[PDB]
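Raw contents of protein-v8.csv, CSV, C-alpha atoms and all ligand atoms:
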```
chain,number,residue,atom,x,y,z
A,1,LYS,CA,-20.2,-21.2,2.3
A,2,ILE,CA,-19.6,-17.6,3.4
A,3,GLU,CA,-21.9,-16.3,6.1
A,4,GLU,CA,-24.1,-13.3,5.4
A,5,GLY,CA,-24.6,-10.6,8.0
A,6,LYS,CA,-21.0,-9.9,9.0
A,7,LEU,CA,-17.6,-9.1,7.6
A,8,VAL,CA,-14.6,-11.5,8.0
A,9,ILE,CA,-11.2,-10.0,7.1
A,10,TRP,CA,-7.9,-11.9,6.6
A,11,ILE,CA,-4.6,-10.0,6.7
A,12,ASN,CA,-1.0,-11.0,7.4
A,13,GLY,CA,0.1,-11.1,11.0
A,14,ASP,CA,2.8,-8.5,10.3
A,15,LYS,CA,0.2,-5.8,9.5
A,16,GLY,CA,-1.8,-3.5,11.8
A,17,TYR,CA,-4.7,-5.9,12.2
A,18,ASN,CA,-5.6,-4.3,15.6
A,19,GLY,CA,-5.9,-1.1,13.6
A,20,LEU,CA,-8.2,-2.6,11.0
A,21,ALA,CA,-10.3,-3.8,14.0
A,22,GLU,CA,-10.6,-0.3,15.3
A,23,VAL,CA,-11.8,0.8,11.8
A,24,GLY,CA,-14.2,-2.2,12.2
A,25,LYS,CA,-15.6,-0.8,15.4
A,26,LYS,CA,-16.6,2.5,13.8
A,27,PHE,CA,-18.1,0.6,10.9
A,28,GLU,CA,-20.1,-1.5,13.3
A,29,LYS,CA,-21.4,1.6,15.1
A,30,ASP,CA,-23.0,3.0,11.9
A,31,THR,CA,-24.2,-0.3,10.3
A,32,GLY,CA,-24.7,-2.6,13.3
A,33,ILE,CA,-22.5,-5.1,11.4
A,34,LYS,CA,-19.6,-6.7,13.2
A,35,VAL,CA,-16.1,-7.0,11.7
A,36,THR,CA,-13.9,-10.0,12.4
A,37,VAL,CA,-10.2,-9.7,11.7
A,38,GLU,CA,-8.1,-12.9,11.5
A,39,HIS,CA,-4.5,-13.5,10.5
A,40,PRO,CA,-4.1,-17.2,9.4
A,41,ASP,CA,-0.6,-18.6,8.9
A,42,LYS,CA,0.3,-19.0,5.2
A,43,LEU,CA,-2.6,-16.7,4.3
A,44,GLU,CA,-1.6,-16.4,0.6
A,45,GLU,CA,-1.8,-20.2,0.3
A,46,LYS,CA,-4.9,-20.7,2.4
A,47,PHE,CA,-7.1,-18.2,0.6
A,48,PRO,CA,-7.0,-19.8,-2.8
A,49,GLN,CA,-7.8,-23.1,-1.3
A,50,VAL,CA,-10.9,-22.1,0.7
A,51,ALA,CA,-12.1,-19.5,-1.9
A,52,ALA,CA,-12.1,-22.3,-4.5
A,53,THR,CA,-14.9,-24.0,-2.5
A,54,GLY,CA,-16.9,-20.9,-2.1
A,55,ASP,CA,-15.6,-20.2,1.4
A,56,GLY,CA,-13.1,-18.0,3.2
A,57,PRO,CA,-13.1,-14.4,4.3
A,58,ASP,CA,-15.2,-11.6,2.7
A,59,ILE,CA,-12.0,-9.5,2.3
A,60,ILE,CA,-8.4,-10.6,1.8
A,61,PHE,CA,-5.4,-8.3,2.3
A,62,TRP,CA,-2.1,-9.1,0.5
A,63,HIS,CA,0.4,-7.4,-1.8
A,64,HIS,CA,-1.1,-7.3,-5.3
A,65,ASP,CA,1.1,-9.6,-7.5
A,66,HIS,CA,-0.7,-12.6,-5.9
A,67,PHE,CA,-4.1,-11.3,-7.0
A,68,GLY,CA,-3.5,-11.9,-10.6
A,69,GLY,CA,-3.5,-15.7,-10.0
A,70,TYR,CA,-6.6,-15.3,-7.8
A,71,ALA,CA,-8.5,-13.4,-10.5
A,72,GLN,CA,-7.4,-15.9,-13.0
A,73,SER,CA,-9.4,-18.5,-11.0
A,74,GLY,CA,-12.3,-16.2,-10.4
A,75,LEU,CA,-11.7,-15.9,-6.7
A,76,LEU,CA,-12.1,-12.1,-6.7
A,77,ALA,CA,-15.1,-9.9,-7.2
A,78,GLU,CA,-14.8,-7.0,-9.7
A,79,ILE,CA,-14.9,-3.9,-7.5
A,80,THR,CA,-17.1,-1.0,-8.4
A,81,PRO,CA,-15.5,2.3,-7.3
A,82,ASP,CA,-16.9,5.3,-9.2
A,83,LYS,CA,-14.8,8.0,-10.9
A,84,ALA,CA,-14.8,10.2,-7.8
A,85,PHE,CA,-13.3,7.5,-5.6
A,86,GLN,CA,-10.8,6.4,-8.2
A,87,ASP,CA,-9.4,9.9,-8.4
A,88,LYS,CA,-8.8,9.8,-4.6
A,89,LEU,CA,-6.0,7.3,-5.3
A,90,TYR,CA,-2.7,7.6,-7.2
A,91,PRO,CA,-3.2,6.4,-10.8
A,92,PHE,CA,-0.4,3.9,-10.8
A,93,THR,CA,-1.8,2.0,-7.8
A,94,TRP,CA,-5.0,1.2,-9.8
A,95,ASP,CA,-2.8,-0.5,-12.4
A,96,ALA,CA,-1.5,-2.8,-9.7
A,97,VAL,CA,-5.0,-4.2,-9.0
A,98,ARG,CA,-6.0,-4.6,-12.7
A,99,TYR,CA,-6.4,-8.1,-14.3
A,100,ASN,CA,-7.9,-8.9,-17.7
A,101,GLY,CA,-9.0,-5.2,-17.8
A,102,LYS,CA,-11.0,-5.4,-14.5
A,103,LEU,CA,-10.3,-3.8,-11.2
A,104,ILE,CA,-10.1,-6.7,-8.7
A,105,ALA,CA,-8.9,-5.0,-5.5
A,106,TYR,CA,-8.5,-1.7,-3.6
A,107,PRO,CA,-5.0,-0.3,-3.2
A,108,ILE,CA,-4.0,0.3,0.4
A,109,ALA,CA,-0.3,0.8,0.8
A,110,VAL,CA,2.7,1.3,-1.5
A,111,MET,CA,6.1,-0.4,-0.9
A,112,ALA,CA,9.4,0.3,-2.7
A,113,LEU,CA,13.1,0.3,-2.0
A,114,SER,CA,14.9,3.6,-1.2
A,115,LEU,CA,18.5,4.7,-0.6
A,116,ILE,CA,19.3,4.8,3.1
A,117,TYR,CA,22.4,6.8,4.3
A,118,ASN,CA,24.4,7.6,7.4
A,119,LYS,CA,24.2,11.3,7.9
A,120,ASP,CA,27.3,11.4,10.0
A,121,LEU,CA,29.5,9.7,7.4
A,122,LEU,CA,27.6,11.1,4.4
A,123,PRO,CA,25.9,14.4,5.0
A,124,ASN,CA,25.2,14.6,1.3
A,125,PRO,CA,24.3,11.3,-0.3
A,126,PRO,CA,25.3,10.7,-4.0
A,127,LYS,CA,22.7,11.4,-6.7
A,128,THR,CA,24.3,9.0,-9.2
A,129,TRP,CA,25.5,5.4,-9.2
A,130,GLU,CA,28.6,6.4,-11.2
A,131,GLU,CA,30.1,8.5,-8.4
A,132,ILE,CA,30.0,5.6,-5.9
A,133,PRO,CA,33.3,4.0,-6.8
A,134,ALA,CA,35.3,7.2,-6.0
A,135,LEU,CA,33.2,7.8,-2.9
A,136,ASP,CA,34.0,4.3,-1.7
A,137,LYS,CA,37.7,4.9,-2.4
A,138,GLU,CA,37.5,7.9,-0.1
A,139,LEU,CA,35.6,6.1,2.7
A,140,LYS,CA,37.7,2.9,2.7
A,141,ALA,CA,40.6,5.3,3.5
A,142,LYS,CA,38.8,6.1,6.7
A,143,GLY,CA,38.1,2.4,7.5
A,144,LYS,CA,34.6,2.6,6.1
A,145,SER,CA,32.8,1.6,2.9
A,146,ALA,CA,30.3,3.5,0.7
A,147,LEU,CA,27.6,1.0,0.0
A,148,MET,CA,26.4,-2.4,1.2
A,149,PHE,CA,23.1,-4.1,0.3
A,150,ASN,CA,21.5,-7.5,-0.4
A,151,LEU,CA,22.8,-8.7,-3.8
A,152,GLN,CA,21.3,-12.1,-3.6
A,153,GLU,CA,17.8,-11.2,-4.8
A,154,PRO,CA,16.5,-9.4,-8.0
A,155,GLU,CA,14.3,-7.2,-5.8
A,156,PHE,CA,17.4,-5.4,-4.7
A,157,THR,CA,19.6,-5.4,-7.8
A,158,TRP,CA,16.9,-4.9,-10.5
A,159,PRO,CA,16.5,-1.2,-9.7
A,160,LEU,CA,19.9,-0.6,-11.2
A,161,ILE,CA,19.6,-3.1,-14.0
A,162,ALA,CA,16.3,-1.6,-15.2
A,163,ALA,CA,17.4,2.0,-15.1
A,164,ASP,CA,18.9,2.1,-18.6
A,165,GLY,CA,16.2,0.0,-20.3
A,166,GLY,CA,15.8,-3.4,-18.7
A,167,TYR,CA,12.3,-4.6,-18.0
A,168,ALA,CA,10.4,-7.8,-17.1
A,169,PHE,CA,7.4,-7.8,-19.5
A,170,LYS,CA,6.3,-5.1,-21.9
A,171,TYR,CA,3.1,-3.5,-20.5
A,172,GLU,CA,0.6,-1.9,-22.9
A,173,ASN,CA,-3.1,-1.2,-22.8
A,174,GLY,CA,-3.3,-2.7,-19.4
A,175,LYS,CA,-1.7,-6.0,-20.4
A,176,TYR,CA,1.7,-7.7,-20.2
A,177,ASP,CA,3.2,-9.2,-23.4
A,178,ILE,CA,4.8,-12.4,-22.0
A,179,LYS,CA,6.8,-12.7,-25.2
A,180,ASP,CA,8.3,-9.2,-25.0
A,181,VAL,CA,11.0,-9.5,-22.3
A,182,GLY,CA,13.7,-6.9,-21.6
A,183,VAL,CA,16.3,-8.9,-19.7
A,184,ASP,CA,19.1,-9.1,-22.3
A,185,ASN,CA,18.7,-5.8,-24.0
A,186,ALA,CA,21.3,-3.0,-24.0
A,187,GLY,CA,19.9,-1.3,-21.0
A,188,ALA,CA,19.9,-4.4,-18.7
A,189,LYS,CA,23.4,-5.3,-19.8
A,190,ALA,CA,24.7,-1.8,-19.0
A,191,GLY,CA,23.1,-2.0,-15.5
A,192,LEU,CA,24.4,-5.4,-14.7
A,193,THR,CA,27.9,-4.7,-15.9
A,194,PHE,CA,28.0,-1.6,-13.7
A,195,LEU,CA,26.9,-3.8,-10.8
A,196,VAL,CA,29.5,-6.5,-11.6
A,197,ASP,CA,32.2,-3.9,-12.0
A,198,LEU,CA,31.5,-2.6,-8.5
A,199,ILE,CA,32.3,-6.2,-7.3
A,200,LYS,CA,35.3,-6.6,-9.5
A,201,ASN,CA,36.8,-3.3,-8.3
A,202,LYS,CA,36.2,-4.4,-4.7
A,203,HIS,CA,33.5,-1.8,-3.9
A,204,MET,CA,31.1,-4.6,-3.1
A,205,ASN,CA,31.2,-8.3,-2.3
A,206,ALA,CA,29.2,-10.9,-4.2
A,207,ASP,CA,28.3,-12.7,-1.0
A,208,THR,CA,26.6,-9.8,0.7
A,209,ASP,CA,23.1,-10.7,1.8
A,210,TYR,CA,20.3,-9.1,3.8
A,211,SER,CA,21.6,-9.8,7.3
A,212,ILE,CA,25.2,-8.8,6.4
A,213,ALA,CA,24.2,-5.5,4.8
A,214,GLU,CA,21.8,-4.5,7.6
A,215,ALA,CA,24.4,-5.3,10.3
A,216,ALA,CA,27.1,-3.3,8.6
A,217,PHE,CA,24.9,-0.3,8.1
A,218,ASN,CA,23.3,-0.5,11.6
A,219,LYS,CA,26.9,-0.7,13.1
A,220,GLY,CA,28.0,2.4,11.2
A,221,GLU,CA,30.5,0.6,9.1
A,222,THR,CA,29.1,1.5,5.7
A,223,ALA,CA,27.8,4.9,4.5
A,224,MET,CA,24.8,3.5,2.6
A,225,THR,CA,22.4,0.6,2.1
A,226,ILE,CA,19.3,0.0,0.0
A,227,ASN,CA,16.1,-1.2,1.8
A,228,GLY,CA,12.4,-0.7,2.4
A,229,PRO,CA,10.2,0.7,5.2
A,230,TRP,CA,10.2,-2.7,7.0
A,231,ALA,CA,13.9,-2.0,7.9
A,232,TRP,CA,13.5,1.4,9.6
A,233,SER,CA,12.6,0.2,13.1
A,234,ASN,CA,15.9,-1.8,13.4
A,235,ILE,CA,17.9,1.3,12.3
A,236,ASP,CA,15.9,3.4,14.8
A,237,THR,CA,17.1,1.2,17.7
A,238,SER,CA,20.7,1.2,16.4
A,239,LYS,CA,20.7,5.0,17.0
A,240,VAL,CA,22.6,5.5,13.7
A,241,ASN,CA,21.6,9.0,12.4
A,242,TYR,CA,20.2,8.2,9.0
A,243,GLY,CA,18.1,9.6,6.2
A,244,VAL,CA,16.1,8.0,3.4
A,245,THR,CA,16.2,9.4,-0.1
A,246,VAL,CA,15.7,8.8,-3.9
A,247,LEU,CA,17.8,5.9,-5.3
A,248,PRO,CA,20.8,7.0,-7.4
A,249,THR,CA,20.4,7.6,-11.1
A,250,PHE,CA,22.2,5.5,-13.8
A,251,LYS,CA,23.3,7.2,-17.0
A,252,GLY,CA,21.0,10.1,-15.9
A,253,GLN,CA,18.0,7.8,-15.6
A,254,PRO,CA,15.9,6.8,-12.5
A,255,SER,CA,16.7,3.6,-10.7
A,256,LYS,CA,13.5,1.6,-11.2
A,257,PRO,CA,12.6,-0.5,-8.1
A,258,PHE,CA,9.6,-2.9,-8.3
A,259,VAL,CA,6.5,-1.5,-6.6
A,260,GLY,CA,4.4,-3.7,-4.3
A,261,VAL,CA,0.9,-2.6,-3.4
A,262,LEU,CA,-0.8,-3.9,-0.3
A,263,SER,CA,-4.3,-4.5,-1.6
A,264,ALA,CA,-7.8,-5.5,-0.4
A,265,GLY,CA,-9.7,-8.0,-2.4
A,266,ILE,CA,-13.4,-9.0,-2.1
A,267,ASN,CA,-14.2,-12.8,-2.2
A,268,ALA,CA,-16.2,-13.6,-5.3
A,269,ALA,CA,-18.2,-16.0,-3.2
A,270,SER,CA,-19.1,-13.3,-0.5
A,271,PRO,CA,-22.8,-12.5,0.0
A,272,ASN,CA,-21.5,-9.4,1.7
A,273,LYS,CA,-20.0,-7.4,-1.3
A,274,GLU,CA,-22.0,-4.3,-0.4
A,275,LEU,CA,-20.8,-4.3,3.2
A,276,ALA,CA,-17.1,-4.8,2.1
A,277,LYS,CA,-17.2,-1.9,-0.4
A,278,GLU,CA,-18.7,0.4,2.2
A,279,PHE,CA,-16.1,-0.6,4.8
A,280,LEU,CA,-13.2,-0.4,2.4
A,281,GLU,CA,-14.1,2.8,0.5
A,282,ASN,CA,-15.8,4.8,3.3
A,283,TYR,CA,-14.1,3.6,6.5
A,284,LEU,CA,-10.6,2.3,5.7
A,285,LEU,CA,-9.7,4.3,2.7
A,286,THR,CA,-10.1,7.6,4.6
A,287,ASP,CA,-7.5,9.7,6.5
A,288,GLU,CA,-9.0,8.4,9.8
A,289,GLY,CA,-9.0,4.8,8.7
A,290,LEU,CA,-5.4,4.7,7.4
A,291,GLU,CA,-4.2,6.6,10.4
A,292,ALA,CA,-5.7,3.9,12.7
A,293,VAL,CA,-4.0,1.1,10.8
A,294,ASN,CA,-0.8,3.0,10.4
A,295,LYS,CA,-0.5,3.8,14.1
A,296,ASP,CA,-0.8,0.1,14.9
A,297,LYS,CA,1.8,-0.9,12.4
A,298,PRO,CA,3.3,1.6,9.9
A,299,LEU,CA,2.0,1.1,6.3
A,300,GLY,CA,4.8,3.1,4.8
A,301,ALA,CA,3.5,5.1,1.9
A,302,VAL,CA,-0.2,4.9,1.1
A,303,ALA,CA,-2.3,4.9,-2.1
A,304,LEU,CA,-4.8,7.5,-0.7
A,305,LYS,CA,-3.7,10.9,-1.9
A,306,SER,CA,-5.0,12.9,1.0
A,307,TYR,CA,-3.4,10.8,3.7
A,308,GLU,CA,-0.2,10.3,1.7
A,309,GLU,CA,0.3,14.0,1.6
A,310,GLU,CA,0.2,14.1,5.4
A,311,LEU,CA,2.5,11.1,5.8
A,312,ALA,CA,4.9,12.6,3.3
A,313,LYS,CA,5.9,15.2,5.9
A,314,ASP,CA,8.2,12.3,7.0
A,315,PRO,CA,11.0,12.5,4.3
A,316,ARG,CA,11.4,8.7,4.5
A,317,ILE,CA,7.8,8.1,3.3
A,318,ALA,CA,8.1,10.8,0.7
A,319,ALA,CA,11.2,9.1,-0.6
A,320,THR,CA,9.4,5.8,-0.7
A,321,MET,CA,6.6,7.2,-2.8
A,322,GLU,CA,9.1,9.0,-5.1
A,323,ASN,CA,11.0,5.8,-5.8
A,324,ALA,CA,7.7,4.0,-6.3
A,325,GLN,CA,6.5,6.5,-8.9
A,326,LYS,CA,9.8,6.1,-10.7
A,327,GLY,CA,9.7,2.3,-10.5
A,328,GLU,CA,7.7,-0.4,-12.1
A,329,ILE,CA,4.6,-2.1,-10.6
A,330,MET,CA,5.4,-5.8,-10.0
A,331,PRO,CA,3.7,-7.8,-12.8
A,332,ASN,CA,0.8,-9.9,-11.5
A,333,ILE,CA,1.2,-12.7,-14.1
A,334,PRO,CA,2.4,-16.3,-13.5
A,335,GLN,CA,5.5,-15.8,-15.7
A,336,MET,CA,6.9,-13.3,-13.1
A,337,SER,CA,8.2,-16.3,-11.1
A,338,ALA,CA,10.2,-17.4,-14.1
A,339,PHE,CA,11.8,-13.9,-14.4
A,340,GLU,CA,12.7,-13.9,-10.7
A,341,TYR,CA,14.4,-17.3,-10.8
A,342,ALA,CA,16.1,-16.6,-14.2
A,343,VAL,CA,17.4,-13.1,-13.2
A,344,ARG,CA,18.4,-14.3,-9.7
A,345,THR,CA,20.7,-16.9,-11.4
A,346,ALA,CA,22.0,-14.4,-14.0
A,347,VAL,CA,23.2,-11.9,-11.4
A,348,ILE,CA,24.8,-14.6,-9.2
A,349,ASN,CA,26.6,-16.1,-12.2
A,350,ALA,CA,27.8,-12.7,-13.5
A,351,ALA,CA,28.8,-11.6,-10.1
A,352,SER,CA,30.8,-14.8,-9.5
A,353,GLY,CA,32.6,-15.2,-12.8
A,354,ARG,CA,30.8,-18.3,-14.0
A,355,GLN,CA,29.3,-16.3,-16.8
A,356,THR,CA,29.9,-12.9,-18.5
A,357,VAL,CA,27.1,-10.3,-18.2
A,358,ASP,CA,26.1,-10.8,-21.8
A,359,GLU,CA,25.8,-14.6,-21.6
A,360,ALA,CA,24.2,-14.6,-18.2
A,361,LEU,CA,21.4,-12.2,-19.4
A,362,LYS,CA,21.0,-14.0,-22.7
A,363,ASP,CA,20.4,-17.3,-20.9
A,364,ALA,CA,17.9,-15.7,-18.5
A,365,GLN,CA,16.1,-14.0,-21.4
A,366,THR,CA,15.7,-17.2,-23.3
A,367,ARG,CA,14.7,-19.0,-20.1
A,368,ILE,CA,12.0,-16.5,-19.3
A,369,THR,CA,10.5,-16.4,-22.9
A,370,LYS,CA,10.6,-20.2,-23.1
B,401,NI,NI,-2.1,-15.2,13.2
B,402,NI,NI,4.6,-12.6,-2.6
```
Represent the structure contained in this file as structure tokens.
Amino acid sequence: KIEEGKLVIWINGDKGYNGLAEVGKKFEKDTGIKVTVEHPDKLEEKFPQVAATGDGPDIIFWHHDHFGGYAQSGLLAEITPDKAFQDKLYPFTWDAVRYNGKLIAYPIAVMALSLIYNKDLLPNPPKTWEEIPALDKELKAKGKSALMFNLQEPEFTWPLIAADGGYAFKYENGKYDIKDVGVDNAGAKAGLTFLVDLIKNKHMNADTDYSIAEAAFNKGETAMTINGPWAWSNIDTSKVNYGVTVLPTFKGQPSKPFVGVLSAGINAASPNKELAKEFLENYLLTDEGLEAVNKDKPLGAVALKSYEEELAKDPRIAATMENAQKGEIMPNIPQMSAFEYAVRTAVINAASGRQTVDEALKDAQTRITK
């Protein structure tokens, strides 16, 4: 069972856990309670296993989409932030931690893809997807290319596909309608066709993956790429002069990237729910708290309005939030895995020539709503 009298926190090893610990030291000073921060391997898989037996950490940190399954099994406590506290965070982040109408976690950070460009090759990045073909025809003339990004995963290609109307699951009144899927509608078809045409016209290659795109951009071979905050440090070392900005529009509409929200959940079995709330709300979710975590390992954009406004002085972070507000929160239902596999296959088949855009999307649609 979970020990009372202390707080045990689990967070991924790729996060600023040393920073969380510093926030833990300030909490300990005022309450006399010690905070332990651990980062187990395969945390997302271990938590549900131990929490099921009434054990595990008092607090679990992980992107939100995984919390829907946890809440389904009753592994998370409903949090109780009052109106005042809720207004301190961006409205859309609360939607990311909602399941069956209940708030089951505290939003911490906001992740989303942005357009990254080489300022030396492209002082003024394109505002639309449509102008990319001609831009590439200009650059290839100089031995360069306009754009290169990972085409293997839906995470990177769905922003364009969704722009004109595609969607995973219809969301209304805080709930996804698993039978209302927007994969083979007119909008998704327009987006995927534009993507496939880029490949057919030799502006992109169907085989381009993460490593390839990153290397090409970091070597100054391509004017643009699409990636998240996790990729910035590698570009910093490459010395390429770059900027991060809003994703291009399609047919005048916003590219919609999926939005991931680093969230903090409270174990339903924890006898320390009062200590966890206090720590999360009044120590971590403060300018001083997020700053501590962010200085250890960058969080990217954050859900706390006050601190986000400060972090947004960095255009890269402002861009991240802008794309996030224009995107769609990653659904936290189990059917999302079906969408990801189905759409991953559809894009690969259309990009290769195995299937036409219309047939590829029709198959995925039917596969998802099965
Ligand atoms: Ni570890
Ligand atoms: Ni995940």
> Can I get the residues close to ligand NI 402 (chain B) as a list in words, where close means within 9 Å and we count all atoms listed in the file?
Replying inline: residues 44, 62, 63, 64, 65 and 66 of chain A
List every residue of chain A that has an atom at most 7 Å from any atom of ligand NI 401 (chain B), and for each one report the closest atom pair and its distance in Å to one decimal, counting only C-alpha atoms and all ligand atoms, with rows sorted by chain and then by increasing residue number, as CSV.
```
residue,atom,partner,partner_atom,distance
A:13,CA,B:NI401,NI,5.1
A:38,CA,B:NI401,NI,6.6
A:39,CA,B:NI401,NI,4.0
A:40,CA,B:NI401,NI,4.7
A:41,CA,B:NI401,NI,5.7
```
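Shortest atom-to-atom contact with residue 273 of chain A among A:145, A:49, A:114, A:80: A:80, counting only C-alpha atoms.
Proximity of A:318, A:275, A:190, A:284 to residue 31 of chain A, computed with all atoms listed in the file, is greatest for A:275.
Proximity of A:324, A:290, A:37, A:329 to residue 310 of chain A, computed with only C-alpha atoms, is greatest for A:290.
Residues within 8 Å of residue 299 of chain A, counting all atoms listed in the file and excluding same-chain residues fewer than 6 positions away, are residues 15, 109, 110 and 293 of chain A.
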> Quick one, how far is atom CA of residue 333 of chain A from atom CA of residue 229 of chain A?
Replying inline: 25.2 Å
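Pairwise distance (atom CA of residue 117 of chain A, atom CA of residue 294 of chain A) equals 24.3 Å.
Going from atom CA of residue 272 of chain A over to atom CA of residue 10 of chain A, you cover 14.7 Å.
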At a cut-off of 10 Å, using all atoms listed in the file, what residues contact residue 58 of chain A? Leave out same-chain residues fewer than 2 positions from it and give the result as a PDB file with C-alpha atoms, in the frame of the given file.
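Saved the output as out34.pdb:
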```
ATOM      1  CA  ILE A   2     -19.600 -17.600   3.400  1.00  0.00           C
ATOM      2  CA  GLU A   3     -21.900 -16.300   6.100  1.00  0.00           C
ATOM      3  CA  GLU A   4     -24.100 -13.300   5.400  1.00  0.00           C
ATOM      4  CA  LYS A   6     -21.000  -9.900   9.000  1.00  0.00           C
ATOM      5  CA  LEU A   7     -17.600  -9.100   7.600  1.00  0.00           C
ATOM      6  CA  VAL A   8     -14.600 -11.500   8.000  1.00  0.00           C
ATOM      7  CA  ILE A   9     -11.200 -10.000   7.100  1.00  0.00           C
ATOM      8  CA  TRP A  10      -7.900 -11.900   6.600  1.00  0.00           C
ATOM      9  CA  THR A  36     -13.900 -10.000  12.400  1.00  0.00           C
ATOM     10  CA  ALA A  51     -12.100 -19.500  -1.900  1.00  0.00           C
ATOM     11  CA  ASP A  55     -15.600 -20.200   1.400  1.00  0.00           C
ATOM     12  CA  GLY A  56     -13.100 -18.000   3.200  1.00  0.00           C
ATOM     13  CA  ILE A  60      -8.400 -10.600   1.800  1.00  0.00           C
ATOM     14  CA  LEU A  76     -12.100 -12.100  -6.700  1.00  0.00           C
ATOM     15  CA  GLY A 265      -9.700  -8.000  -2.400  1.00  0.00           C
ATOM     16  CA  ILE A 266     -13.400  -9.000  -2.100  1.00  0.00           C
ATOM     17  CA  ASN A 267     -14.200 -12.800  -2.200  1.00  0.00           C
ATOM     18  CA  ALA A 268     -16.200 -13.600  -5.300  1.00  0.00           C
ATOM     19  CA  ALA A 269     -18.200 -16.000  -3.200  1.00  0.00           C
ATOM     20  CA  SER A 270     -19.100 -13.300  -0.500  1.00  0.00           C
ATOM     21  CA  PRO A 271     -22.800 -12.500   0.000  1.00  0.00           C
ATOM     22  CA  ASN A 272     -21.500  -9.400   1.700  1.00  0.00           C
ATOM     23  CA  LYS A 273     -20.000  -7.400  -1.300  1.00  0.00           C
ATOM     24  CA  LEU A 275     -20.800  -4.300   3.200  1.00  0.00           C
ATOM     25  CA  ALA A 276     -17.100  -4.800   2.100  1.00  0.00           C
TER      26      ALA A 276
END
```
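Each of A:336, A:349, A:30, A:104 was checked against residue 264 of chain A using only C-alpha atoms; the smallest atom-to-atom distance is that of A:104.
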> Counting all atoms listed in the file, which of A:125, A:174, A:133, A:24 gets nearest to residue 242 of chain A?
Replying inline: A:125
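Between residue 359 of chain A and the residues A:253, A:122, A:61, A:346, the shortest atom-to-atom distance, using only C-alpha atoms, involves A:346.
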Got a minute to add N, CA and C atoms to segment 90-103 of chain A and dump it as a PDB file, in the frame of the given file?
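Saved as selection_34.pdb:
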```
ATOM      1  N   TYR A  90      -3.726   7.378  -6.193  1.00  0.00           N
ATOM      2  CA  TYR A  90      -2.700   7.600  -7.200  1.00  0.00           C
ATOM      3  C   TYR A  90      -2.997   6.675  -8.401  1.00  0.00           C
ATOM      4  N   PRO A  91      -2.979   7.214  -9.629  1.00  0.00           N
ATOM      5  CA  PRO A  91      -3.200   6.400 -10.800  1.00  0.00           C
ATOM      6  C   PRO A  91      -2.451   5.116 -10.944  1.00  0.00           C
ATOM      7  N   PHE A  92      -1.148   5.141 -10.663  1.00  0.00           N
ATOM      8  CA  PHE A  92      -0.400   3.900 -10.800  1.00  0.00           C
ATOM      9  C   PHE A  92      -0.756   2.791  -9.837  1.00  0.00           C
ATOM     10  N   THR A  93      -1.436   3.109  -8.739  1.00  0.00           N
ATOM     11  CA  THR A  93      -1.800   2.000  -7.800  1.00  0.00           C
ATOM     12  C   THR A  93      -3.010   1.250  -8.369  1.00  0.00           C
ATOM     13  N   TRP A  94      -3.841   1.884  -9.196  1.00  0.00           N
ATOM     14  CA  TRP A  94      -5.000   1.200  -9.800  1.00  0.00           C
ATOM     15  C   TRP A  94      -4.464   0.160 -10.799  1.00  0.00           C
ATOM     16  N   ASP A  95      -3.319   0.446 -11.409  1.00  0.00           N
ATOM     17  CA  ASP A  95      -2.800  -0.500 -12.400  1.00  0.00           C
ATOM     18  C   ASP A  95      -2.312  -1.766 -11.713  1.00  0.00           C
ATOM     19  N   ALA A  96      -1.991  -1.677 -10.425  1.00  0.00           N
ATOM     20  CA  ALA A  96      -1.500  -2.800  -9.700  1.00  0.00           C
ATOM     21  C   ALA A  96      -2.660  -3.807  -9.336  1.00  0.00           C
ATOM     22  N   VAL A  97      -3.894  -3.322  -9.348  1.00  0.00           N
ATOM     23  CA  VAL A  97      -5.000  -4.200  -9.000  1.00  0.00           C
ATOM     24  C   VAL A  97      -5.930  -4.399 -10.248  1.00  0.00           C
ATOM     25  N   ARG A  98      -5.310  -4.443 -11.420  1.00  0.00           N
ATOM     26  CA  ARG A  98      -6.000  -4.600 -12.700  1.00  0.00           C
ATOM     27  C   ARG A  98      -5.657  -5.988 -13.275  1.00  0.00           C
ATOM     28  N   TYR A  99      -6.647  -6.780 -13.671  1.00  0.00           N
ATOM     29  CA  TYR A  99      -6.400  -8.100 -14.300  1.00  0.00           C
ATOM     30  C   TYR A  99      -7.430  -8.310 -15.372  1.00  0.00           C
ATOM     31  N   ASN A 100      -6.979  -8.626 -16.581  1.00  0.00           N
ATOM     32  CA  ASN A 100      -7.900  -8.900 -17.700  1.00  0.00           C
ATOM     33  C   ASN A 100      -8.810  -7.658 -17.868  1.00  0.00           C
ATOM     34  N   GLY A 101      -8.265  -6.469 -17.625  1.00  0.00           N
ATOM     35  CA  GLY A 101      -9.000  -5.200 -17.800  1.00  0.00           C
ATOM     36  C   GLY A 101     -10.020  -4.901 -16.672  1.00  0.00           C
ATOM     37  N   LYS A 102     -10.051  -5.698 -15.611  1.00  0.00           N
ATOM     38  CA  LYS A 102     -11.000  -5.400 -14.500  1.00  0.00           C
ATOM     39  C   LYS A 102     -10.300  -5.105 -13.212  1.00  0.00           C
ATOM     40  N   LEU A 103     -10.890  -4.180 -12.461  1.00  0.00           N
ATOM     41  CA  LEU A 103     -10.300  -3.800 -11.200  1.00  0.00           C
ATOM     42  C   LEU A 103     -10.769  -4.921 -10.201  1.00  0.00           C
TER      43      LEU A 103
END
```
